[PDB]
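Peer 1: got an experimental structure here, sequence first:
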Amino acid sequence: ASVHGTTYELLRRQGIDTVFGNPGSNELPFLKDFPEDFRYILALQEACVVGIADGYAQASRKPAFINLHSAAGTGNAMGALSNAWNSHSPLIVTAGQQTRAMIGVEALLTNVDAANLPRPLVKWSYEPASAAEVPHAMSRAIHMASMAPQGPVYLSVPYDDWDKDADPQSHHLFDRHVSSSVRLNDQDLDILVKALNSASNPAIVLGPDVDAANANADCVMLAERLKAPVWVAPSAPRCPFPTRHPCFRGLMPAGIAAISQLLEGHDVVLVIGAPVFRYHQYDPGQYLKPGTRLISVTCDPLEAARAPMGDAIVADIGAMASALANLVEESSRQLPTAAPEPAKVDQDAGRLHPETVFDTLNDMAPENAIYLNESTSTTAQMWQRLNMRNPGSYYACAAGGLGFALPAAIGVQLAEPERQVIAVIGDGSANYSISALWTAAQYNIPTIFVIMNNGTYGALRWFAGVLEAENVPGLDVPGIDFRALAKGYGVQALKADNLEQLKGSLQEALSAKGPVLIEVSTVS
Amino acid sequence: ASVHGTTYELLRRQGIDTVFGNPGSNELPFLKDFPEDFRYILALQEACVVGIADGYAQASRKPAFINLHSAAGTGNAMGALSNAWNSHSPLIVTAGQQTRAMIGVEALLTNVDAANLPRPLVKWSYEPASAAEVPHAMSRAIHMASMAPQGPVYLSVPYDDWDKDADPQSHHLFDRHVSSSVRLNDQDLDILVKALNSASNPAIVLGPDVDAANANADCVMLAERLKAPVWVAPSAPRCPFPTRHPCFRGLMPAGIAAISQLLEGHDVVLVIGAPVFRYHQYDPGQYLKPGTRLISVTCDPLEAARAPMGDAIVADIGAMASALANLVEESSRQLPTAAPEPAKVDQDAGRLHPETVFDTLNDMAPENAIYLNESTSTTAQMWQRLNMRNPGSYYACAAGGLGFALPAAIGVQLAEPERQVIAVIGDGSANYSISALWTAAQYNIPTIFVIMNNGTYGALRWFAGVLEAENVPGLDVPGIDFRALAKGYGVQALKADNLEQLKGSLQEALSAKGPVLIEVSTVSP
Amino acid sequence: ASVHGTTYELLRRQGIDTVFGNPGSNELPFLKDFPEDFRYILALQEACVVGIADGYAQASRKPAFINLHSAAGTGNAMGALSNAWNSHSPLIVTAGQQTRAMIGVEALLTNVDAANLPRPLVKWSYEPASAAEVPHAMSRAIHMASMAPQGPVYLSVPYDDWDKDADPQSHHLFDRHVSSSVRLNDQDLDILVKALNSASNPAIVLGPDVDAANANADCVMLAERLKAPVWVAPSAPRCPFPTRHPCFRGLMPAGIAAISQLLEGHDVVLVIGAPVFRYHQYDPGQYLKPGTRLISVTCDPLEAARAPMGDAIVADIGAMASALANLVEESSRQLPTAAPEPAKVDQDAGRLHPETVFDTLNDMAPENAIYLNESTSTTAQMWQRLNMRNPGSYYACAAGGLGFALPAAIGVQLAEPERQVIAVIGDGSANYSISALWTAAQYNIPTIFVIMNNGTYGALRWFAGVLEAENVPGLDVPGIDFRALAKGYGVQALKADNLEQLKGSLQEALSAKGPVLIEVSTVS
Ligand SMILES: Cc1ncc(C[n+]2csc(CCOP(=O)(O)OP(=O)(O)O)c2C)c(N)n1
Ligand SMILES: Cc1ncc(C[n+]2csc(CCOP(=O)(O)OP(=O)(O)O)c2C)c(N)n1
Ligand SMILES: Cc1ncc(C[n+]2csc(CCOP(=O)(O)OP(=O)(O)O)c2C)c(N)n1
Ligand SMILES: [Ca+2]
Ligand SMILES: [Ca+2]
Ligand SMILES: [Ca+2]
Ligand SMILES: [Mg+2]
């Protein structure tokens, strides 16, 4: 059989049946005779390709397969790869290389030093030394992406390899099962469980790997047993806990001092599936107060090594959450009281306050809606105001790289055609991957895009205000017509200048047949 | 003085007065107190930032300075950087890093292993070990970008460094003059000149570094003296020669066999300012036919090393072109035989043949117009049908990475406000960096964008055919309304469905005072 | 406190008390005021420094701390690092950098692009962005080296950092405990155990990570329960099983076809703590023969991904071995019968056959002796003739890089003062790290070095025969006097041109209280 045929067999055997791509000549010999059982999702720029794939992978909890064009295409996607690294997204990124005979002379489209291009943003990066090695290399990519801690990988393939003969011993690859579903040994796990049982005032902090593992329900049981308040770790890329459950306490501020203060008085803090911690703002202070001990369960050795405090256990989040939830004692302590619902903010007939927008989404959106956040200046409000009962309900750019949410929302909606996806996106952020709108239109993926238009890079303006930095250029983005941009790519567009228009647009969008963009006039 | 003050002084003293950027929090400490003698050019996505800066650098023939946001911003620009590497564009790329106190924990926005991120697409990548070193690092970046062979460099700076004290000895950096304007020693140069004078049937091949060096006029004189046919090297990022001058033979096809055939019978082939060669399609054959020797003059040791044939000389293209032009003897040989005229393809009343588009542009555009090309299936015809007689009249993505021409056209037009820029871009290519349109509107940069809309990735459909490849997905791009995209970003838009609308649209565009986009309905392949 | 004092405090708190180094001016600010609770072990060249630390780490089963001089010193050690990578040795490699103020001008002894220098042979490689970060970076280094899969790490430190003020919050690093002692979840472990219980003809293959984990005894119990033959995986850097135990079947040949033939008719092959597989010679064929299924337990995701056949589980070897050993049922099958004793080779009164050397060693050496192998051409014979009953009894260069055995034997002897270390090295290999001898002399480390002098690169000469390769230069190394070399570095030296002198030299050597080298005239 050919490398071509063997590789598609390996993919399908390993559960992959979709290719997210933007095509090129180095990739045609891979894409020719495209298997009918495979689906190809085209996007018009590679940041969009990767972002869609990323949303798909994250929501589906399985690897996604990407096909890019040489160095230029790979390059266009490297911002998106920065997010994917930080979210542990299992992405198999393949790029076409020139024919081996023309690599030496560096003909046009030659990916020079190809494996180094995507570093340091990939778990594994590789170009095979012969055509017959390609299926084995593809097998390595699949598993490296899929093993804890999950993340993106890179495979570069000379386009003349595909038509060559595959090693018949490659059949050994098709059905390999590789597991990293592991948990702490019995002896040490017992020691951990006793420490949890003995805590007089425990707290739990959850990160994105909990939602990726679908460990949310186990985490709920664990919290209910320990009678423990539950926080989301800072700079949250996903939502790992029902936000109206009694133990929930919200999103932790991304600051060193703020967090040690929040945790003051808690004798044991159990962190699951988070870096410790993804701080952001300068907020110097104590990592922890005396009296607080921290214990981290992470799937990522890199996270365990760099935590500035606490003990760490490196293991699968699914396996560990389930074990803990089922082993700890039911504490007789009082179950935490649910946090008070957010207070309504006075809204005039002027421009919308973000608080108003989120309140209104909460009232109108389905219970199983999925939200995406690319409105940096309104994240705190969004966390306080949306009731997210179910797993897989929130995605935001894990590395802070703009250009994630608009394409990722399309990927998520493809992964979950039964759950209404709603992407809330700043006017500044909307532009980075604006062409992804075309894929929603073309593939009939009915994502709803809510553009928060305040004419500025608002978070930046605020920060500038905090540093008392004057004469900063480039903070204002006037003069974009988002309804026209939507029409450009074939997506239905609506506008909302006040709350009542917001209500009507959301009503129309929820019921519309295709994707819908709503441009919302908000206050800076 | 602060690192901030010292850095800005270094920059102005080294001739930089423009920052192309898309700002972020790590860069705020650098952008604050923005000096009145600098201008900032904002663009909405980093591929656009770098593309605009790239066009500006190439047309102005001077380094351009860029400021991006950490890893994500840098990442978003790495396609553009791929082109800049191949074009030898002198781009100084700076990106903000987390405050040093928070790098260890890898706080959000931390550029991990920052210097490795843009490798291998940069001549130099670095993060300084202390705040006081920033100015020195910046100086290294300026000179690494500017020395032959020019190209992009990268510097990562922790945002807390800017307010720190700068080494007082930094002042020695301000007026540093570094030169690589060098040519072959007299002895060996004379041997080269003798070889040219002795050749019975010399041929000249010119690459983009000729136009970068503004050596075009010197190459014209060289070609005339030797009465030599002049090619442009394949996959041309620039135009190094007047395309209707009698020596001009055309753009070489990017094929090994094709090129060796074109050079058949030429005893000495002189290549100047090109890789040998930037082939593309698979065209197996001889690199050179027997009886033909090749001598390459390149500014780039990497090009000299990888050439599969020929002698090479690594030197400044400007200095070598000038010396050779003035040293070689005047041959009494006959000039090359006149090239035929391109056919006027019959045009019905419907969608436009690209040949029609190019013939019309060439009839209506000013003699000093500057074209950009990201209409990939139409390149051959474009080169056959446009008379480009002046230096700096053509730019195309040097690494074949789409998303170059649209922003680059804005930067070129910014660099040359007296010459009308006309960017010819396929409907597929138009999307990669569509948001650059906003920069043209906001700063009122009057670039003309001609979108060739055939509804497909035409060059890919063609290659799929040649390869006889069936059931290739993803080659069609229906359903994009470029007039609405234009409106979206505040750019005037026109539509041209036939020849008469094309003429009328171009006439209005050429008169217009701001940027203008024309969507042209072209024939489908 | 200073970065210096805070860093030594971290070191001691994390169990480190020994520094293996070859000093330089960038390192003097670190080495000054050397704590009284630490010892420094000097060697004269950096490949020796690392080899010795490597032997020490592997034997002690704990990380080893190393301090080298900038780029040149690091560079001299990079062959030693190749071996340490392949053996998963937990080595913390520190190197001094120029003072921060001079790095930009690239003063002499600046380590340029320092973190890239030891790539790709280290798990983590880093230069801190500030002095106050050094302790934290050291903590990262300690934990990245020590987490499964263990391996070498690199940390570069500008020499001016040590006298600067530390971060007061560094104290949170001192007592961090980081575990990767994990095993497969109960449900999937039960499935694995069932497969093993149900197999009709199992086989077990053990690699070096078994010996690293001190899982040998659990593996013995597992083999005994399952009544299964036990191989050692090819290219063995350690001995994971008692070699005269009845299940033991020896070292597998390092070939694809040789291995599938060995495993033919074994329905389930369980591999533990080995790559799958470290083949060497070209020996094309089937990875497995039909009817064999393979299950790999590895501590290393990179091993699991690259196996061309079988299933894998990525987990701690110690935890998994112990679990399986205690869960599997006692098979009714008959316990495998021990391998026949090695036949005595005809030995005349001249130069020694290697077979004769090993029998003599085996007959004279103490039961708890530890051997090291750097005699490539006699590896097979060695495994068959040395009775090794105990764990930690064998070390050979895991990446095949010469220069390991001599210094590593010194490290091992330092780690195991009550066990006699005997290094068997070829006259060719002896030279690569000859100066390590001095360290043994200076610290009175009583290793025994047996040099097998045949005046040629025997393995190469042989290979050349199988390649039918004529006119290969550089295969012969005549004219080396190893006794004078030993004397050169202060080590007592003996000779053995025949069996009789071999016996007497060995008796002397074993009695010796200091190091002893024995030059032995072997055939070929
Ligand atoms: C790819 C990328 N480029 C630049 C930045 C820097 N940055 C972070 S937030 C921000 C402003 C976002 O604007 P908008 O989407 O309007 O959100 P708002 O602040 O207005 O709520 C910018 C420019 C980034 N994080 N990622
Ligand atoms: C960033 C990037 N992505 C993908 C490609 C592969 N590619 C090269 S030409 C081409 C088609 C371009 O189509 P269009 O711009 O419409 O011009 P046409 O081919 O129709 O003349 C594609 C997809 C590329 N060169 N660069
Ligand atoms: C650092 C290094 N250099 C070169 C080699 C290649 N090599 C492997 S074995 C060998 C010869 C070893 O001979 P000797 O140590 O005398 O033992 P013999 O082969 O004679 O049994 C060589 C050169 C290597 N493995 N490592
Ligand atoms: Ca905004
Ligand atoms: Ca097209
Ligand atoms: Ca030998
Ligand atoms: Mg890189």
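Peer 2: Received the coordinates, thanks. Residues are numbered from 1 along each chain as shown, chains lettered A, B, ... in the order given. Ligands and ions are numbered 1, 2, ... in the order given.

Peer 1: contacting residues around the residue lying closest to residue A:172 once chain neighbours are set aside?
Peer 2: Excluding its sequence neighbours, the residue lying closest to residue A:172 (CB to CB, 6 or more residues apart in numbering or on different chains) is residue C:309, at 3.8 Å. In this view, the C-beta of every residue, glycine as well, is placed from N, C-alpha and C. For residue C:309, the contact set (CB atoms under 8 Å, 6 or more residues apart in numbering or on different chains) comprises A:172-173, A:176, C:276, C:287-288, C:294.

Peer 1: which SS state does residue A:224 fall under?
Peer 2: Following DSSP: H, G, I helix; E, B strand; the rest coil, residue A:224 is assigned to helix.

Peer 1: which residues of the stretch 201-350 of chain A fall in helices?
Peer 2: Using DSSP state H, counting those that start in this stretch, the helices of the stretch 201-350 of chain A run over A:208-212, A:216-226, A:256-263, A:301-306, A:317-327.

Peer 1: sorry, back to before: most neighbours, which of the contacts of residue C:309?
Peer 2: residue A:173 (26 neighbours; other CB atoms under 10 Å in any protein chain shown).

Peer 1: can you tell me how far the closest residue to it other than its chain neighbours is from residue C:304?
Peer 2: Nearest non-adjacent residue to residue A:173, counting by CB to CB, 6+ apart: residue A:139, 4.4 Å away. For residue A:139, the distance to residue C:304 (CB to CB, to the nearest Å) stands at 11 Å.

Peer 1: and if you look at residue A:494?
Peer 2: As for residue A:494, its distance to residue C:304 is 50 Å (criterion: CB to CB).

Peer 1: what of residue A:505?
Peer 2: 51 Å.

Peer 1: between these two, who's got more neighbours?
Peer 2: Higher neighbour count among residue A:505 and residue C:304: residue C:304, with 27 against 22, using other CB under 10 Å.

Peer 1: for that one, give me its contacts.
Peer 2: A:143, A:147, A:178, C:296, C:298, C:312-314 are the contacts of residue C:304 under CB under 8 Å, 6+ apart.

Peer 1: of these, keep whichever come out buried.
Peer 2: A:143, A:147, A:178, C:296, C:298, C:312-314 (16 or more other CB atoms under 10 Å in any protein chain shown).

Peer 1: helix or strand for the residue in chain A that ligand 3 sits nearest to, which one?
Peer 2: When scored by CB to the nearest ligand atom, chain A has residue A:129 as its residue closest to ligand 3, at 20.8 Å. For residue A:129, there is no host helix or strand (DSSP states H and E).

Peer 1: can you report how many residues lie near it?
Peer 2: Look at residue A:129: counted by other CB under 10 Å, it has 9 neighbours.

Peer 1: ok, it to ligand 2 distance?
Peer 2: According to CB to the nearest ligand atom, to the nearest Å, residue A:129 and ligand 2 sit 26 Å apart.

Peer 1: cool, and residue A:470?
Peer 2: As for residue A:470, its distance to ligand 2 is 39 Å (criterion: CB to the nearest ligand atom).

Peer 1: got it, and residue A:61?
Peer 2: From residue A:61 to ligand 2 the distance is 29 Å (CB to the nearest ligand atom).

Peer 1: and what of residue A:115?
Peer 2: From residue A:115 across to ligand 2, the span is 19 Å (CB to the nearest ligand atom).

Peer 1: equivalent analysis for residue A:212, please.
Peer 2: 30 Å.

Peer 1: okay, the longest helix anywhere in chain A in CSV with CA atoms only?
Peer 2: Ranked by residue count, the top helix of chain A under DSSP state H comes out as helix A:46-60. Provided in CSV are the C-alpha atoms of helix A:46-60 (Å, rounded to 0.1, in the frame of the first residue of the first chain):
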residue,chain,number,x,y,z
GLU,A,46,-4.2,29.5,9.0
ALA,A,47,-4.8,31.3,12.3
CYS,A,48,-8.5,30.6,11.6
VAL,A,49,-7.8,26.9,10.6
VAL,A,50,-6.0,26.2,13.8
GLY,A,51,-8.5,28.2,16.0
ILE,A,52,-11.4,26.1,14.6
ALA,A,53,-9.5,22.9,15.0
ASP,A,54,-8.6,24.0,18.6
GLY,A,55,-12.3,24.7,19.5
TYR,A,56,-13.2,21.3,18.0
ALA,A,57,-10.5,19.4,19.9
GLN,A,58,-11.3,21.1,23.2
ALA,A,59,-15.1,20.6,23.0
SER,A,60,-14.8,17.1,21.6
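
Peer 1: count the neighbours of the closest residue to ligand 1 within chain A for me.
Peer 2: Nearest to ligand 1, among the residues of chain A, is residue A:426, at 1.9 Å (CB to the nearest ligand atom). Close neighbours of residue A:426, defined as other CB under 10 Å, add up to 25.

Peer 1: phi, psi of it?
Peer 2: phi -50, psi 150 (degrees, to the nearest 10).

Peer 1: what does the residue lying closest to it once chain neighbours are set aside show for phi and psi?
Peer 2: Nearest residue to residue A:426 in three dimensions, chain neighbours excluded: residue A:375, at 4.7 Å (CB to CB, 6+ apart). The phi/psi pair for residue A:375 (degrees, to the nearest 10) reads phi -120, psi 70.

Peer 1: just give the number of residues close to residue A:375.
Peer 2: Using other CB under 10 Å: residue A:375 sits among 29 other residues.

Peer 1: OK, contacts around it?
Peer 2: Contacts of residue A:375 by CB under 8 Å, 6+ apart are A:354, A:382, A:424-426, A:429, A:452.

Peer 1: those residues in strands, which ones?
Peer 2: Judged by DSSP state E, these include A:424-426, A:452 as members of strands.

Peer 1: closest to residue A:115 out of these?
Peer 2: Using CB to CB, residue A:425 comes nearest to residue A:115 of the ones in strands among the contacts of residue A:375, at 34.0 Å.

Peer 1: how much space between that closest one and residue B:428?
Peer 2: If you measure residue A:425 against residue B:428 using CB to CB, the figure is 25 Å.

Peer 1: same check, this time on residue A:451
Peer 2: Distance, residue A:451 to residue B:428, using CB to CB: 26 Å.

Peer 1: ok, residue A:384 - contacts?
Peer 2: The contact partners of residue A:384, taken as CB under 8 Å, 6+ apart, are A:250, A:342, A:358.

Peer 1: hang on, it in a helix?
Peer 2: Yes. Counting by three-state DSSP, residue A:384 is located in a helix.

Peer 1: and which of the buried ones among the contacts of residue C:304 is nearest chain B?
Peer 2: Among the buried ones among the contacts of residue C:304, residue A:147 lies closest to chain B (CB to the nearest CB), at 20.4 Å.
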